[PDB]
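Take a look at the structure below.
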Amino acid sequence: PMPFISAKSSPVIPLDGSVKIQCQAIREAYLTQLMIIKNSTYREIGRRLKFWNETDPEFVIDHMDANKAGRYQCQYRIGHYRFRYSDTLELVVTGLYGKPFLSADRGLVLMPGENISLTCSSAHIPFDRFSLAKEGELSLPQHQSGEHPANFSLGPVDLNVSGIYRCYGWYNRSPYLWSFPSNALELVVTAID
Ligand SMILES: *[C@H]1O[C@H](CO)[C@@H](O[C@@H]2O[C@H](CO)[C@@H](O)[C@H](O)[C@H]2NC(C)=O)[C@H](O)[C@H]1NC(C)=O
Ligand SMILES: *[C@@H]1O[C@H](CO)[C@@H](O)[C@H](O)[C@H]1NC(C)=O
């Protein structure tokens, strides 16, 4: 098990936003610094916070841009020149490409168990892949699709599927750089009808 590396704010940060990262404390570390990976090379980044309301080291990265998007790890210097790292965290920056369009082939309100797929298009920008995000959620959108027609299925829906959804740009060359959110699309599952 590797030291955890959570993100207090969403891992999805708008163009010039700012995010707060937290690493797992390691009693034997003389120094702990947030590192960002770039071409198999660890680079110092972000800023350390002060001791209060929490123990595990917290950092903060502001003025988000392409350069700050990507994989992150925590570097624990457990000696003059001996280190160990936390698990990996990914941060994506949004607002680098025009917004795509999200829609559905059904009715936005539906009985549980029903099936529905959301489609995310882009009649201009040849996005390599697409990612669907559920607004409320505190994390990183993992539900993606490479299909050009862009199909996001949700199999048998349950009351938990309800909520507002948005879709993003996304390019293979530059994976951690997404477009501006697409139009939002609300769904509501209810067994009452
Ligand atoms: C994307 O989702 C699945 C493919 O993974 C397709 O599902 C079929 O959808 C048609 C009409 O929408 C239904 O008649 C079939 O019963 C579905 N079968 C499956 C695979 O579950 C879906 O069509 C695709 N998106 C669309 C509508 O183009
Ligand atoms: C939803 O679609 C699946 C195919 O992926 C089908 O097997 C299922 O029966 C449909 N809804 C239900 C649970 O009846």
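Convention: chains lettered A, B, ... in structure tokens order; per-chain residue numbering from 1; ligands numbered from 1 as shown.
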Residues up to 6 Å from ligand 2, counting only C-alpha atoms and all ligand atoms: could you list those as JSON, numbers by chain?
{"A": [113, 114, 115, 155, 156]}
Store the residues picked out above, limited to N, CA, C and O atoms, as a PDB file, in the first residue's frame.
```
ATOM      1  N   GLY A 113     -34.317   0.724 -13.680  1.00  0.00           N
ATOM      2  CA  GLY A 113     -34.150  -0.409 -14.568  1.00  0.00           C
ATOM      3  C   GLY A 113     -34.168  -0.047 -16.038  1.00  0.00           C
ATOM      4  O   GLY A 113     -33.620  -0.785 -16.859  1.00  0.00           O
ATOM      5  N   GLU A 114     -34.802   1.069 -16.385  1.00  0.00           N
ATOM      6  CA  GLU A 114     -34.839   1.503 -17.784  1.00  0.00           C
ATOM      7  C   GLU A 114     -33.418   1.763 -18.310  1.00  0.00           C
ATOM      8  O   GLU A 114     -32.485   1.987 -17.535  1.00  0.00           O
ATOM      9  N   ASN A 115     -33.256   1.722 -19.626  1.00  0.00           N
ATOM     10  CA  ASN A 115     -31.951   1.953 -20.232  1.00  0.00           C
ATOM     11  C   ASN A 115     -31.933   3.262 -21.028  1.00  0.00           C
ATOM     12  O   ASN A 115     -32.928   3.647 -21.637  1.00  0.00           O
ATOM     13  N   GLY A 155     -26.786   1.434 -18.587  1.00  0.00           N
ATOM     14  CA  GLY A 155     -27.493   0.192 -18.312  1.00  0.00           C
ATOM     15  C   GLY A 155     -28.743   0.391 -17.482  1.00  0.00           C
ATOM     16  O   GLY A 155     -29.392   1.431 -17.591  1.00  0.00           O
ATOM     17  N   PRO A 156     -29.124  -0.593 -16.654  1.00  0.00           N
ATOM     18  CA  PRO A 156     -30.324  -0.449 -15.823  1.00  0.00           C
ATOM     19  C   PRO A 156     -30.168   0.705 -14.819  1.00  0.00           C
ATOM     20  O   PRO A 156     -29.411   0.587 -13.846  1.00  0.00           O
TER      21      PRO A 156
END
```
Site check for ligand 1: residues at most 9 Å away, only C-alpha atoms and all ligand atoms, as a count of residues only:
15
Using only C-alpha atoms, determine which residues lie at most 8 Å from residue 57 of chain A, disregarding the query and same-chain residues fewer than 2 positions distant; provide the list as a PDB file with N, CA and C atoms, in the first residue's frame.
```
ATOM      1  N   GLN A  22      -3.844  16.808  -0.884  1.00  0.00           N
ATOM      2  CA  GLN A  22      -3.434  16.358   0.429  1.00  0.00           C
ATOM      3  C   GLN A  22      -2.740  15.004   0.341  1.00  0.00           C
ATOM      4  N   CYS A  23      -1.549  14.901   0.932  1.00  0.00           N
ATOM      5  CA  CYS A  23      -0.802  13.646   0.926  1.00  0.00           C
ATOM      6  C   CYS A  23      -0.868  12.984   2.271  1.00  0.00           C
ATOM      7  N   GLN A  24      -0.626  11.680   2.269  1.00  0.00           N
ATOM      8  CA  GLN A  24      -0.641  10.907   3.494  1.00  0.00           C
ATOM      9  C   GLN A  24       0.662  11.128   4.239  1.00  0.00           C
ATOM     10  N   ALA A  25       0.553  11.430   5.528  1.00  0.00           N
ATOM     11  CA  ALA A  25       1.723  11.677   6.356  1.00  0.00           C
ATOM     12  C   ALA A  25       2.601  10.442   6.490  1.00  0.00           C
ATOM     13  N   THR A  32       8.371  16.683   2.737  1.00  0.00           N
ATOM     14  CA  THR A  32       7.344  16.152   1.860  1.00  0.00           C
ATOM     15  C   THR A  32       6.935  17.229   0.870  1.00  0.00           C
ATOM     16  N   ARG A  48       3.028  24.368   0.030  1.00  0.00           N
ATOM     17  CA  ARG A  48       2.689  23.750   1.309  1.00  0.00           C
ATOM     18  C   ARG A  48       1.862  24.643   2.253  1.00  0.00           C
ATOM     19  N   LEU A  49       1.010  24.020   3.062  1.00  0.00           N
ATOM     20  CA  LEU A  49       0.162  24.740   4.006  1.00  0.00           C
ATOM     21  C   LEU A  49       0.619  24.568   5.466  1.00  0.00           C
ATOM     22  N   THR A  55      -3.702  16.871   9.869  1.00  0.00           N
ATOM     23  CA  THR A  55      -2.306  16.469  10.048  1.00  0.00           C
ATOM     24  C   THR A  55      -1.586  16.259   8.727  1.00  0.00           C
ATOM     25  N   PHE A  59      -1.346  20.688   0.137  1.00  0.00           N
ATOM     26  CA  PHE A  59      -0.726  21.631  -0.775  1.00  0.00           C
ATOM     27  C   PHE A  59      -1.835  22.303  -1.539  1.00  0.00           C
TER      28      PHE A  59
END
```
If you run DSSP on this backbone, which residues of segment 49-164 of chain A come out as strand (DSSP E or B), and could you give them as a PyMOL selection string?
chain A and resi 58-61+70-77+83-85+89-94+101-104+109-110+117-121+130-134+144-145+151-153+163-164
Restrict the selected residues to C-alpha atoms and save them as a PDB file, in the first residue's frame.
```
ATOM      1  CA  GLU A  58      -1.789  19.686   2.285  1.00  0.00           C
ATOM      2  CA  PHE A  59      -0.726  21.631  -0.775  1.00  0.00           C
ATOM      3  CA  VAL A  60      -2.426  24.002  -3.143  1.00  0.00           C
ATOM      4  CA  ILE A  61      -1.884  24.691  -6.821  1.00  0.00           C
ATOM      5  CA  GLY A  70      -1.388  15.601 -15.505  1.00  0.00           C
ATOM      6  CA  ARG A  71      -0.167  13.050 -12.982  1.00  0.00           C
ATOM      7  CA  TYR A  72       0.874  13.971  -9.457  1.00  0.00           C
ATOM      8  CA  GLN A  73       2.699  12.137  -6.687  1.00  0.00           C
ATOM      9  CA  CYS A  74       4.032  12.976  -3.263  1.00  0.00           C
ATOM     10  CA  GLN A  75       7.765  12.791  -2.707  1.00  0.00           C
ATOM     11  CA  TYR A  76       8.880  11.875   0.792  1.00  0.00           C
ATOM     12  CA  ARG A  77      12.576  12.479   1.451  1.00  0.00           C
ATOM     13  CA  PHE A  83      12.813   8.826  -1.255  1.00  0.00           C
ATOM     14  CA  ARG A  84       9.456   7.118  -1.504  1.00  0.00           C
ATOM     15  CA  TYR A  85       6.272   8.296  -3.186  1.00  0.00           C
ATOM     16  CA  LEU A  89      -3.326  11.545  -8.555  1.00  0.00           C
ATOM     17  CA  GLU A  90      -4.475  12.981 -11.876  1.00  0.00           C
ATOM     18  CA  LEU A  91      -5.598  16.514 -12.502  1.00  0.00           C
ATOM     19  CA  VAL A  92      -7.234  17.746 -15.700  1.00  0.00           C
ATOM     20  CA  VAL A  93      -7.620  21.333 -16.858  1.00  0.00           C
ATOM     21  CA  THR A  94     -10.750  22.392 -18.680  1.00  0.00           C
ATOM     22  CA  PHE A 101     -23.002  18.903 -27.135  1.00  0.00           C
ATOM     23  CA  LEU A 102     -24.677  16.396 -24.860  1.00  0.00           C
ATOM     24  CA  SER A 103     -28.075  14.811 -25.535  1.00  0.00           C
ATOM     25  CA  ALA A 104     -30.150  11.645 -25.155  1.00  0.00           C
ATOM     26  CA  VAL A 109     -37.140  11.286 -16.760  1.00  0.00           C
ATOM     27  CA  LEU A 110     -37.327   7.521 -16.330  1.00  0.00           C
ATOM     28  CA  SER A 117     -27.502   6.441 -23.390  1.00  0.00           C
ATOM     29  CA  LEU A 118     -26.202   9.994 -23.571  1.00  0.00           C
ATOM     30  CA  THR A 119     -24.489  11.205 -26.743  1.00  0.00           C
ATOM     31  CA  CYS A 120     -21.753  13.786 -26.877  1.00  0.00           C
ATOM     32  CA  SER A 121     -21.028  15.355 -30.247  1.00  0.00           C
ATOM     33  CA  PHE A 130     -14.996  12.007 -24.505  1.00  0.00           C
ATOM     34  CA  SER A 131     -15.691  12.076 -20.818  1.00  0.00           C
ATOM     35  CA  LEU A 132     -19.050  12.260 -19.062  1.00  0.00           C
ATOM     36  CA  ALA A 133     -19.186  13.878 -15.663  1.00  0.00           C
ATOM     37  CA  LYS A 134     -21.933  14.019 -13.047  1.00  0.00           C
ATOM     38  CA  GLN A 144     -15.420   7.938 -20.958  1.00  0.00           C
ATOM     39  CA  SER A 145     -15.783   6.735 -24.574  1.00  0.00           C
ATOM     40  CA  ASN A 151     -22.117   6.723 -26.624  1.00  0.00           C
ATOM     41  CA  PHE A 152     -22.360   6.818 -22.829  1.00  0.00           C
ATOM     42  CA  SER A 153     -24.684   4.030 -21.695  1.00  0.00           C
ATOM     43  CA  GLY A 163     -28.582  14.375 -11.443  1.00  0.00           C
ATOM     44  CA  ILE A 164     -27.037  16.835 -13.911  1.00  0.00           C
TER      45      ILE A 164
END
```
Mind checking which residues fall within 7 Å of segment 179-182 of chain A, counting only C-alpha atoms, ignoring those fewer than 6 positions away in the same chain, and posting them as a list in words?
residues 94, 95, 96, 97, 98, 99, 100, 101, 102, 166, 167, 168, 169 and 170 of chain A
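Candidate residues A:29, A:38, A:45, A:17 were compared for distance to residue 64 of chain A, and the nearest is A:17, using only C-alpha atoms.
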